[PDB]
There are 4 protein chains.
Amino acid sequence: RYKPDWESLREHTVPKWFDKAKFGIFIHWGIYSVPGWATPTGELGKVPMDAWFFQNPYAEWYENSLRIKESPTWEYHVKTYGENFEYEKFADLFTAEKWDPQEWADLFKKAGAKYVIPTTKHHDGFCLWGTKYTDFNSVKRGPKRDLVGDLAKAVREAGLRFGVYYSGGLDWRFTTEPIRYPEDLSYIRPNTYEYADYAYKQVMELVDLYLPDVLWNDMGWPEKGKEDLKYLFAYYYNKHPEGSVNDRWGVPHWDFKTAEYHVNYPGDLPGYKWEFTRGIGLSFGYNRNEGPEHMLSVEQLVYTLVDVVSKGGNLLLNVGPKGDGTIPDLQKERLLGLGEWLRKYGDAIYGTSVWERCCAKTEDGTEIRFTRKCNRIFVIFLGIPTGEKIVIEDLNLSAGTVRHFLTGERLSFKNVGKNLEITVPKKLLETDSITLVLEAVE
Amino acid sequence: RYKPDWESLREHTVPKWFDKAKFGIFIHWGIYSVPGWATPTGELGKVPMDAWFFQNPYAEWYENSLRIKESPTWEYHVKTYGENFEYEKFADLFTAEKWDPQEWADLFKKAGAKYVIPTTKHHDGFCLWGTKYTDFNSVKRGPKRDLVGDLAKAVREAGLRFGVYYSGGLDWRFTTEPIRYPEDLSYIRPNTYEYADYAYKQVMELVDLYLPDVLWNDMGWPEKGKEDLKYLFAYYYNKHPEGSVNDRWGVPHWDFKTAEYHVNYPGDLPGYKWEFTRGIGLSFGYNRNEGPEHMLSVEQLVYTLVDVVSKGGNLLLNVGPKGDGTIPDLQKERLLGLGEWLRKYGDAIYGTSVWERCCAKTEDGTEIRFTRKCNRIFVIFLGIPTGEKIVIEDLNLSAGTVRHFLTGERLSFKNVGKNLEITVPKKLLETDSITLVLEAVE
Amino acid sequence: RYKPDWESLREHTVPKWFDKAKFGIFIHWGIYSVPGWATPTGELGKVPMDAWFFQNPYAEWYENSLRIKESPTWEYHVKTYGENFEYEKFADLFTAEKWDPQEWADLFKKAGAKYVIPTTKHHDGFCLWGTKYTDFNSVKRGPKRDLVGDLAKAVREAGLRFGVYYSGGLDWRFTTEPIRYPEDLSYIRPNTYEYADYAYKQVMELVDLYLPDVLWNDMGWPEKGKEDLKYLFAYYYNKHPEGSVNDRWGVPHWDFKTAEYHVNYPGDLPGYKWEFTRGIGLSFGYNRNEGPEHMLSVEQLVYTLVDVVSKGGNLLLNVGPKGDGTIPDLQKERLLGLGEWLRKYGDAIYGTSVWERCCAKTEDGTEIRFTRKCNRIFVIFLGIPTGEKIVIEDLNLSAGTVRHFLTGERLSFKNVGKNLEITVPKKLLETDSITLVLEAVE
Amino acid sequence: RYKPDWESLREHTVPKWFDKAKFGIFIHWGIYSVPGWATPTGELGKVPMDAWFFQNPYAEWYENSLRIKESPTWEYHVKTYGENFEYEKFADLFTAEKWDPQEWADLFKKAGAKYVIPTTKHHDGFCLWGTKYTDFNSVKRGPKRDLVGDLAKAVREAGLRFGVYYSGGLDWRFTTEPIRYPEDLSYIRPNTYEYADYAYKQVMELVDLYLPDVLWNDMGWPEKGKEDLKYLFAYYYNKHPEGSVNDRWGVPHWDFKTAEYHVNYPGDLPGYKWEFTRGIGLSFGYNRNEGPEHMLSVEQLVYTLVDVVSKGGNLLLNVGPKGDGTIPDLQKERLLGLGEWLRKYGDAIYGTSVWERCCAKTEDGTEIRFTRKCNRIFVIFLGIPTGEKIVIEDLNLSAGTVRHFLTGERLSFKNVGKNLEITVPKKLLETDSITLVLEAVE
Ligand SMILES: C[C@@H]1N[C@H](CNC(=O)[C@H](c2ccccc2)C2CCCC2)[C@@H](O)[C@H](O)[C@@H]1O
Ligand SMILES: C[C@@H]1N[C@H](CNC(=O)[C@H](c2ccccc2)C2CCCC2)[C@@H](O)[C@H](O)[C@@H]1O
Ligand SMILES: C[C@@H]1N[C@H](CNC(=O)[C@H](c2ccccc2)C2CCCC2)[C@@H](O)[C@H](O)[C@@H]1O
Ligand SMILES: C[C@@H]1N[C@H](CNC(=O)[C@H](c2ccccc2)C2CCCC2)[C@@H](O)[C@H](O)[C@@H]1O
């Protein structure tokens, strides 16, 4: 039994299932999915913040962008939908006509994800469950259906864990001015006591209807409601000890931390559990402007995953569905690619722990990441070297046997000075898929 | 004029009428009165708290018990009313068909009570007055009548004082999870700001419609609303200086403290004004499972009253009416019994003050309680000794005359050592009713 | 067992000994007693605050007045002691050479007082006990003696209650600027954490060393130390249940309120226990500038006490000794005169309770005050009427026997309308001292 | 880089060295060691708190017991040292004449301990280092030596971790009244700003001078100084990432929880890291009144450690030296015995992790505990069965090979229903020492 207080809540640590699953699927789906439009300006952390809000690569931010008169979105909206076409009007166009929660679940499972977390309410305040605290929800408008619940049922039937995303920190249904600069965030918020209750009542409602595995909050928790989390966290943990929460509440407790695109990405081993998230492209909500030039390629996707996992994190890869519920082909292919690689290399991923170091490199520049499993150490190359002679810089192994992962073949290695030298038979180098994977056993 | 601040509010002390009346009637009446069912497990303070909520002897707690699947109440509810029979449905069955507020008032007056306090809203949130802050009240549902007001009119016309009970601390209309353990109480609460206002607006409303003599709150005051009491207490006291409040608000001010069954019952003279409450049985709300084996007998009732009064308290005895407004015969008889005893011995009760000691005993084990009235000291025996020679242990009187209360007959006494010896003529011992009462005059 | 929190501390109320004693002696004695000088401008409440600090009638305020250059005190100090004579230097002239605490204790007992309260530390920071928290105390300087201690032994020996006075709110040892306007008091205070600690440690030291009957604080408690009082009050009350504290701490608790000269003096019965304090003259500290024209007369003292007492107060009369330890004749006289009247009419004062009303007047304007003791109602005339027929305006006695208090003579009375008429034989009127006192009974 | 705020500090978790060491030595040595006396009333958790402080089994509490006049300690002090012997005087008898920190370090290493934690300052305020914040320390008085310092050099030399104990919650140098009831602890504390500063400055001084591996606070942290810990914890962790703090600060952060004798001792696996602490006898401070009948036996120590360790805890066994610096024979014996068992079975303790369950019992009641190391599961019997056929109640091994840990002998096992049966040849049962230890593998 957890008591409603920070000291006590600290007794709850990231659940084992979370540490072990290493990949999850994020779903930004909503009425913003209908216009499905954003200017693909670039990655968070690379785009200067003075312009960021004016050329927002995040399509879910459509309403905010639309509220900024004369911004690309505003221009696009006027031309395509007209001026007397309010953003809310998209709730009625959002019909999920082609949606089938089971094909989604089926796909995230073939993709190798171990959990799924849909936005139940994003910054625009539209709710994807039949909530009783607002009529701006998917049961009353558009889909005429409890998207959150129906997807929770499919995911779970598919054997995956189910979490929930909630925009606690922002709700444009309670503001009128758009965010034009990052400083605006410190005062352009619901700000009211009424809002702090709404957020509280809404997450409590998600807790009681779906008892999710992850409470994924975004943009901090309304200040007036922060003391409420002591109760909500205790209430939730007492109903679901294996439940978990992220680090976006602005209170003293969290089970795992988060990083988005470049922001907060650790350079080496952070000393805590975390999770990396990004979209397959530059946006989270679907964006019909993104081509594969903006998306990651299965290979980058794989490398991204390995680098995250070697540093102790989980990759929460986002998929951005269309207003009709289908998942754009460019994203489905990248999911399947990654699913394929995980089918071959999963063993050096799921259930692994960090090693003493995350990273290494070969004398010729190929990057190396490590993962552990008791006595086993996985040497994951971010690529497949050409020569049979591999020189790993600044590495010595006290081990004794160094197998070639996929085949199992004992290999020849020698600790030469500050380096490790291994000879990988071209036959083998030729069986690996995106990464050459070795396995030391000490 | 009281100012809205604790230091100032302290200038208000328990009103003289409250100190002097020594007996009041509590009424737990509501929609829980319809099922009128609880398992008579035992008295608060004797029943282990690990089981208490699962076998709740308090019938008003029916909804909480019903929310605990597979608990006696749940089993009983399913069998008797069915699963598709929600607790709220009882608001429509609660018709007070046989209710007559004047017969109630008449009865509490014959019973010797000096004030009356009905639950205006209990933990289930159903309100017994036409409140404007919820439609879950007795004017709109069931009785179709302002129970609170109509009973306030009768009580007052009968010459008694009228107070109000309000579940400030709990409101199941704002929670879904049941209390299974005492620890749950620290987080399973409305918790919202909206709720703190509701409670505030509701007690202010009772203040303006009925200007009650007692603000009897239960289960603490919502934390977010605690600072509001400075205003509400000032507002109330400025409209009714003789009004009063109990000690269940969790703030620095109170006029009298409370104890329930064994909990907080003082062993000797506490140094403050207090009030003891319990039901005639083990429940407050009516319970059709209680037989006289669970109730107190007029004698225990009398002894209970004397012991409370000798220690400076008031006894607030609870009566649990039926859904139709009648008061079960087992309770009416016990009220009348006590009313009868008070008719004979009231003088050594109402208007009395504590003495130097509350308690004493005779050499043969009969317990003695004392009460004062200026120069007069009342020696109230919890029973009627058999022999004409009474030896009171560890007592010496500097008095001079020791009368036999009911008759007035001067008696023979002698301070022998550490004891007091009195000779009570069998004729006299034979006129007393439940207690032998003497009266010293110093 | 009191707990350290306001709700619990509220359980402690004014000790019975305090309510019954009705007169105490205040002693403002310090190094300011040595110059013993002030402009006797008038009574607090009657002198405009725009002038007060510049023409301060309180001689204990000498240091403050002296810091206002060009002030009468400043003129007098330079002419009498020179410019190079720092106020602190008075600690060396303060010798108490002719001091006999037993003589003082006796004088306060003959005077009719039941408790005594000396200034242990006034605003100037000088401590009259061997405190370990500062060297500016009477043990190390001046008297080289613990005045607080020796006086407490002597008061106690005479069988009187001993309380302590402490200036928690001001300590000129922590400031340099004088108080010129009441407004200045809001920022010219010690203000440091250090000071709040000093204050707490010193009052604790006083409780530990002397366990006084009254903790009389003045001028508020340092804001940074207010939370400390929960702990200090619980600590004190647990060592001394019978102890008492006043209402000058600025926190939610106190056992009795206070009034100074005109300030907070009740017009009719307040609903709580209180104490009136003033000097015999206009100062607390000895003022050699006061003559009989600035003092109350024995008649006025008596009239004062009676009025206070009839409104449920205690009179805390101040005496201000000379720097040598002797009590000024003028002051001594008045004390002995009041004592003589208390010797005669004590029984209508000590141990009394307020009646239904405090006041009444005779047809010809003689003010009348009332006190009660059970069934007995004392009728105290502020003076002795000349005629035998007395008409009391707006009184009606439902009693039966009205007697002449001094002799016992039953007297003739008749309820004539909205008045009460009584005949008091001249032989009796001639025996009374300053007050005609009648005793009504039921 | 930790930041000074709870959210960030949460990133720091129990250092890996702590989780792996499984046993440390606590050293309660002070000037209370000189009288070294107490009534060995019983174990915390088993002795009623209404008596505890009056019959305190903790000899370090001598000063507190001594302030309760008419207490066994009081009787013994006056008979043994006289009425005029102030507790502080023990600082001069505390000489550590026969003290050799290297011998101690060695003894704790031979004993099998991995870290040592001496009391740097207990409730009596006496500091065993040359602190600059008080003269009541071991450098200026008694030993005229920095015990903390010399001991830290010596523990480190023996290759053990050194942590520090500090009584932040109590310091009898700041109070005068003894603790008689647990309730008294809520107000008889230093309470001053001054103290909160002293505490912070002293722990800082300890970090600066010795950079300990463990900051072990006791009795809570002064309320006025709690916000200070954000800064002190960030400062400490930034100098010593590998450092650790316990859970007795009363703030939202800690690296491991604690349990004392019966208090907070987990029944099954808690979900966090923790440490059990107790004396070998009933006291922490040396009690010359304890005999073997008051101490654990080597068998019991071993059984204790095993049980703790199987529930993820560390055993923090206390030794209480004599005033002369020598460790009492009885204590030494038990330490060397445990050491001998750790020498044999160390491998089933150090560096282990909890398994799925902590416990199991044999058909005939022998308790069984489990620990794991990767694929290896250690099966520790709290004793050695007499028969060769062993039936473990409610276990089932999906393993394959079960071996006799001491010899390696593979053994015969069969999953018989809800039980596991195994045959352990008597020649093997005869080689075990206090525990039959089996090792299962997969
Ligand atoms: C997963 C994504 N989360 C976004 C919230 N983003 C953040 O909190 C971003 C953030 C994230 C982590 C550290 C600092 C800032 C913002 C980027 C500039 C302002 C702060 C959402 O705005 C976005 O629609 C999507 O839900
Ligand atoms: C007069 C009765 N008051 C009850 C509230 N009870 C309390 O606050 C009880 C209480 C009362 C006094 C001290 C401590 C606790 C609870 C018993 C265990 C949890 C605390 C109500 O729950 C009950 O229905 C009825 O109104
Ligand atoms: C017995 C006397 N008490 C005085 C304290 N007086 C007050 O706090 C007076 C006061 C003001 C309000 C309530 C009660 C008392 C002050 C009149 C000038 C501004 C406030 C002291 O200043 C004085 O030296 C002496 O000790
Ligand atoms: C190792 C020992 N630690 C003791 C501190 N013990 C506690 O705080 C005990 C406690 C209470 C609750 C949780 C953890 C520990 C106390 C039992 C009496 C009331 C609370 C010290 O008092 C004792 O002197 C010694 O240093």
# chains A, B, ... in the order shown; residues from 1 in each chain; ligands from 1
call {"tool": "interface_residues", "arguments": {"of": "chain B", "to": "chain C", "cutoff": "12 Å", "atoms": "only C-alpha atoms", "output": "ChimeraX atom specification"}}
result
/B:1-2,4-16,230,241-242,246-257,270-274,372-376
call {"tool": "write_last_selection", "arguments": {"atoms": "N, CA and C atoms", "output": "short mmCIF file (atom, residue, chain, number, x, y, z; two decimals), in the first residue's frame"}}
result
data_model
loop_
_atom_site.label_atom_id
_atom_site.label_comp_id
_atom_site.auth_asym_id
_atom_site.auth_seq_id
_atom_site.Cartn_x
_atom_site.Cartn_y
_atom_site.Cartn_z
N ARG B 1 -18.72 41.21 17.44
CA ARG B 1 -18.37 40.90 16.00
C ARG B 1 -17.09 40.08 16.02
N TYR B 2 -17.13 38.92 15.37
CA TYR B 2 -15.95 38.09 15.33
C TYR B 2 -15.30 38.40 13.99
N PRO B 4 -12.67 37.22 10.83
CA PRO B 4 -12.34 35.93 10.25
C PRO B 4 -10.91 35.46 10.48
N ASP B 5 -10.61 35.19 11.72
CA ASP B 5 -9.32 34.65 12.00
C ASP B 5 -9.33 33.89 13.31
N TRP B 6 -8.56 32.81 13.32
CA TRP B 6 -8.48 31.88 14.44
C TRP B 6 -8.29 32.55 15.80
N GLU B 7 -7.36 33.49 15.92
CA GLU B 7 -7.13 34.15 17.20
C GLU B 7 -8.42 34.79 17.69
N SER B 8 -9.09 35.49 16.79
CA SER B 8 -10.31 36.15 17.10
C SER B 8 -11.48 35.17 17.41
N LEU B 9 -11.66 34.17 16.54
CA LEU B 9 -12.72 33.18 16.70
C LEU B 9 -12.63 32.47 18.02
N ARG B 10 -11.45 32.47 18.63
CA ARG B 10 -11.29 31.79 19.92
C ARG B 10 -12.11 32.46 21.04
N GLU B 11 -12.45 33.74 20.85
CA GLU B 11 -13.28 34.51 21.77
C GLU B 11 -14.69 33.86 21.93
N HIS B 12 -15.04 33.01 20.97
CA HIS B 12 -16.29 32.29 21.02
C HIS B 12 -16.14 30.96 21.71
N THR B 13 -16.80 30.78 22.82
CA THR B 13 -16.71 29.50 23.50
C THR B 13 -18.02 28.77 23.55
N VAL B 14 -17.98 27.51 23.94
CA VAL B 14 -19.20 26.76 23.92
C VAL B 14 -20.29 27.60 24.61
N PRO B 15 -21.47 27.76 23.95
CA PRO B 15 -22.62 28.52 24.47
C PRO B 15 -23.10 27.85 25.77
N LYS B 16 -23.67 28.62 26.69
CA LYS B 16 -24.20 28.10 27.97
C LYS B 16 -25.33 27.06 27.78
N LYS B 230 -12.53 30.08 8.37
CA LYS B 230 -12.34 31.29 9.14
C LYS B 230 -13.50 32.21 8.74
N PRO B 241 -24.53 34.21 17.63
CA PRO B 241 -23.49 34.00 18.66
C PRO B 241 -23.68 32.71 19.47
N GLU B 242 -24.93 32.30 19.69
CA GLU B 242 -25.17 31.08 20.43
C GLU B 242 -25.08 29.82 19.56
N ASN B 246 -18.51 21.66 16.12
CA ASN B 246 -17.75 20.57 16.77
C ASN B 246 -16.24 20.62 16.39
N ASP B 247 -15.55 19.51 16.60
CA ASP B 247 -14.12 19.42 16.43
C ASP B 247 -13.73 18.54 15.23
N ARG B 248 -14.62 18.38 14.24
CA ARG B 248 -14.28 17.52 13.10
C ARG B 248 -13.99 18.30 11.82
N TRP B 249 -13.29 19.42 11.93
CA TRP B 249 -13.02 20.24 10.77
C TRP B 249 -11.55 20.24 10.43
N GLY B 250 -10.73 19.84 11.40
CA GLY B 250 -9.32 19.80 11.13
C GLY B 250 -8.76 21.20 11.11
N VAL B 251 -9.40 22.17 11.76
CA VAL B 251 -8.83 23.53 11.85
C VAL B 251 -8.64 23.87 13.33
N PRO B 252 -7.96 24.98 13.61
CA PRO B 252 -7.74 25.34 15.00
C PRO B 252 -8.90 25.67 15.92
N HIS B 253 -10.12 25.73 15.44
CA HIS B 253 -11.22 26.11 16.28
C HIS B 253 -12.37 25.11 16.44
N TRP B 254 -12.93 25.04 17.62
CA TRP B 254 -14.05 24.15 17.91
C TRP B 254 -14.61 24.61 19.24
N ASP B 255 -15.89 24.36 19.50
CA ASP B 255 -16.52 24.73 20.76
C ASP B 255 -16.60 23.57 21.71
N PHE B 256 -16.70 22.35 21.18
CA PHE B 256 -16.75 21.11 21.97
C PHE B 256 -16.16 20.01 21.10
N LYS B 257 -15.53 19.05 21.76
CA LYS B 257 -14.90 17.93 21.11
C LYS B 257 -15.86 16.75 21.08
N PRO B 270 -11.74 15.29 31.19
CA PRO B 270 -10.90 15.94 30.16
C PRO B 270 -11.00 17.43 30.53
N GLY B 271 -10.10 18.26 30.07
CA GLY B 271 -10.28 19.64 30.51
C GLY B 271 -11.05 20.54 29.57
N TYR B 272 -11.96 19.96 28.79
CA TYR B 272 -12.74 20.72 27.78
C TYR B 272 -14.17 20.24 27.65
N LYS B 273 -14.99 21.00 26.96
CA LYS B 273 -16.34 20.55 26.72
C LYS B 273 -16.30 19.50 25.60
N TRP B 274 -17.04 18.39 25.75
CA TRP B 274 -17.15 17.33 24.70
C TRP B 274 -18.56 16.71 24.59
N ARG B 372 -22.33 18.36 39.94
CA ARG B 372 -22.42 19.44 40.88
C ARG B 372 -23.43 20.49 40.44
N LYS B 373 -23.83 21.35 41.39
CA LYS B 373 -24.75 22.46 41.18
C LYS B 373 -24.52 23.36 42.37
N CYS B 374 -23.56 24.26 42.23
CA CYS B 374 -23.19 25.17 43.32
C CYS B 374 -22.74 24.41 44.56
N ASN B 375 -23.51 24.52 45.64
CA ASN B 375 -23.23 23.85 46.93
C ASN B 375 -23.68 22.35 46.97
N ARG B 376 -24.52 21.98 45.99
CA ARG B 376 -25.04 20.63 45.91
C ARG B 376 -24.19 19.66 45.12
#
call {"tool": "residues_near_ligand", "arguments": {"ligand": "ligand 1", "cutoff": "10 Å", "atoms": "only C-alpha atoms and all ligand atoms", "output": "PDB file with C-alpha atoms, in the first residue's frame"}}
result
ATOM      1  CA  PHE A  26       3.159   6.002 -29.429  1.00  0.00           C
ATOM      2  CA  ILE A  27       0.074   7.067 -31.403  1.00  0.00           C
ATOM      3  CA  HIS A  28      -0.754  10.680 -32.005  1.00  0.00           C
ATOM      4  CA  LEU A  44      13.400  19.479 -32.195  1.00  0.00           C
ATOM      5  CA  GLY A  45      16.659  20.774 -30.800  1.00  0.00           C
ATOM      6  CA  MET A  49      12.984  28.370 -31.158  1.00  0.00           C
ATOM      7  CA  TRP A  52       9.857  26.921 -34.343  1.00  0.00           C
ATOM      8  CA  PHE A  53       6.227  27.856 -33.543  1.00  0.00           C
ATOM      9  CA  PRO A  57       7.037  20.578 -37.925  1.00  0.00           C
ATOM     10  CA  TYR A  58       4.510  18.975 -35.426  1.00  0.00           C
ATOM     11  CA  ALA A  59       1.226  18.492 -37.313  1.00  0.00           C
ATOM     12  CA  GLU A  60      -0.738  17.837 -34.023  1.00  0.00           C
ATOM     13  CA  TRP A  61       0.066  21.500 -33.388  1.00  0.00           C
ATOM     14  CA  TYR A  62      -2.160  22.505 -36.302  1.00  0.00           C
ATOM     15  CA  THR A 119      -2.881  10.231 -27.123  1.00  0.00           C
ATOM     16  CA  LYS A 121      -6.321  13.942 -25.233  1.00  0.00           C
ATOM     17  CA  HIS A 122      -3.824  16.239 -26.882  1.00  0.00           C
ATOM     18  CA  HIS A 123      -3.240  20.018 -26.553  1.00  0.00           C
ATOM     19  CA  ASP A 124      -6.426  20.676 -28.541  1.00  0.00           C
ATOM     20  CA  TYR A 165      -0.984   9.872 -23.028  1.00  0.00           C
ATOM     21  CA  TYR A 166      -2.757  12.979 -21.717  1.00  0.00           C
ATOM     22  CA  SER A 167      -2.055  16.636 -22.343  1.00  0.00           C
ATOM     23  CA  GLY A 169      -0.103  20.829 -19.248  1.00  0.00           C
ATOM     24  CA  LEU A 170      -1.926  22.322 -22.217  1.00  0.00           C
ATOM     25  CA  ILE A 179       2.098  29.985 -28.323  1.00  0.00           C
ATOM     26  CA  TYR A 181       7.523  31.660 -28.377  1.00  0.00           C
ATOM     27  CA  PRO A 182       8.822  29.240 -25.769  1.00  0.00           C
ATOM     28  CA  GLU A 183       8.549  32.019 -23.092  1.00  0.00           C
ATOM     29  CA  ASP A 184       4.733  32.138 -23.765  1.00  0.00           C
ATOM     30  CA  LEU A 185       4.432  28.675 -22.187  1.00  0.00           C
ATOM     31  CA  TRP A 216       2.180   9.300 -19.864  1.00  0.00           C
ATOM     32  CA  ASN A 217       1.556  12.990 -19.106  1.00  0.00           C
ATOM     33  CA  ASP A 218       2.701  15.856 -21.259  1.00  0.00           C
ATOM     34  CA  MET A 219       3.751  19.531 -20.733  1.00  0.00           C
ATOM     35  CA  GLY A 220       3.827  19.462 -16.948  1.00  0.00           C
ATOM     36  CA  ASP A 247       8.661  12.554 -15.714  1.00  0.00           C
ATOM     37  CA  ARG A 248       6.429  15.275 -17.237  1.00  0.00           C
ATOM     38  CA  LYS A 257      12.486   9.991 -17.613  1.00  0.00           C
ATOM     39  CA  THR A 258      11.912  11.100 -21.189  1.00  0.00           C
ATOM     40  CA  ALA A 259      13.789  12.729 -24.075  1.00  0.00           C
ATOM     41  CA  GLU A 260      12.249  14.025 -27.390  1.00  0.00           C
ATOM     42  CA  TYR A 261      14.336  14.240 -30.577  1.00  0.00           C
ATOM     43  CA  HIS A 262      17.543  16.011 -29.519  1.00  0.00           C
ATOM     44  CA  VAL A 263      16.185  17.403 -26.181  1.00  0.00           C
ATOM     45  CA  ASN A 264      17.469  15.574 -23.074  1.00  0.00           C
ATOM     46  CA  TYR A 265      19.010  12.778 -25.149  1.00  0.00           C
ATOM     47  CA  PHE A 276      13.300   8.136 -26.163  1.00  0.00           C
ATOM     48  CA  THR A 277      10.494   9.305 -28.355  1.00  0.00           C
ATOM     49  CA  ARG A 278      10.243  10.776 -31.849  1.00  0.00           C
ATOM     50  CA  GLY A 279       8.078  10.279 -34.880  1.00  0.00           C
ATOM     51  CA  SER A 283       5.976  15.311 -36.761  1.00  0.00           C
ATOM     52  CA  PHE A 284       3.945  13.093 -34.367  1.00  0.00           C
ATOM     53  CA  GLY A 285       0.515  13.739 -35.814  1.00  0.00           C
ATOM     54  CA  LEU A 316       8.775   4.875 -27.866  1.00  0.00           C
ATOM     55  CA  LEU A 317       8.466   5.284 -31.648  1.00  0.00           C
ATOM     56  CA  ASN A 318       5.498   7.311 -32.766  1.00  0.00           C
TER      57      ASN A 318
END
call {"tool": "select_by_dssp", "arguments": {"residues": "stretch 56-264 of chain C", "states": "helix (DSSP H, G or I)", "output": "PyMOL selection string"}}
result
chain C and resi 59-67+72-80+87-93+101-110+147-157+182-186+193-210+223-225+228-239
call {"tool": "atom_distance", "arguments": {"atom1": "atom CA of residue C:334", "atom2": "atom CA of residue C:126"}}
result
28.6 Å
call {"tool": "residues_around", "arguments": {"residues": "stretch 66-72 of chain B", "least_positions_apart": "4", "cutoff": "7 Å", "atoms": "only C-alpha atoms", "output": "PyMOL selection string"}}
result
chain B and resi 54-55+62+76+178
call {"tool": "atom_distance", "arguments": {"atom1": "atom CA of residue D:24", "atom2": "atom CA of residue D:310"}}
result
16.1 Å
call {"tool": "decode", "arguments": {"residues": "stretch 42-51 of chain D", "atoms": "N, CA and C atoms", "output": "mmCIF file, in the first residue's frame"}}
result
data_model
loop_
_atom_site.group_PDB
_atom_site.id
_atom_site.type_symbol
_atom_site.label_atom_id
_atom_site.label_comp_id
_atom_site.auth_asym_id
_atom_site.auth_seq_id
_atom_site.Cartn_x
_atom_site.Cartn_y
_atom_site.Cartn_z
ATOM 1 N N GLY D 42 14.077 -5.581 26.808
ATOM 2 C CA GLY D 42 13.619 -6.289 25.624
ATOM 3 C C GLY D 42 13.852 -5.590 24.273
ATOM 4 N N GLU D 43 13.257 -6.151 23.230
ATOM 5 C CA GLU D 43 13.395 -5.648 21.873
ATOM 6 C C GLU D 43 12.379 -4.585 21.484
ATOM 7 N N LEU D 44 12.863 -3.557 20.778
ATOM 8 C CA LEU D 44 11.977 -2.536 20.249
ATOM 9 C C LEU D 44 10.915 -3.278 19.420
ATOM 10 N N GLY D 45 9.641 -2.960 19.637
ATOM 11 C CA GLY D 45 8.568 -3.622 18.934
ATOM 12 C C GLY D 45 7.901 -4.544 19.926
ATOM 13 N N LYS D 46 8.645 -5.041 20.917
ATOM 14 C CA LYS D 46 8.075 -5.962 21.909
ATOM 15 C C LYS D 46 7.842 -5.365 23.275
ATOM 16 N N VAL D 47 8.380 -4.183 23.520
ATOM 17 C CA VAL D 47 8.231 -3.515 24.803
ATOM 18 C C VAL D 47 7.271 -2.350 24.640
ATOM 19 N N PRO D 48 6.207 -2.292 25.471
ATOM 20 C CA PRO D 48 5.195 -1.228 25.468
ATOM 21 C C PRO D 48 5.778 0.200 25.662
ATOM 22 N N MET D 49 5.456 1.090 24.723
ATOM 23 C CA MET D 49 5.973 2.456 24.753
ATOM 24 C C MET D 49 5.614 3.318 25.959
ATOM 25 N N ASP D 50 4.731 2.800 26.800
ATOM 26 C CA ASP D 50 4.286 3.473 28.020
ATOM 27 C C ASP D 50 5.362 3.200 29.099
ATOM 28 N N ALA D 51 6.220 2.221 28.836
ATOM 29 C CA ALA D 51 7.259 1.875 29.794
ATOM 30 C C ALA D 51 8.683 2.164 29.297
#
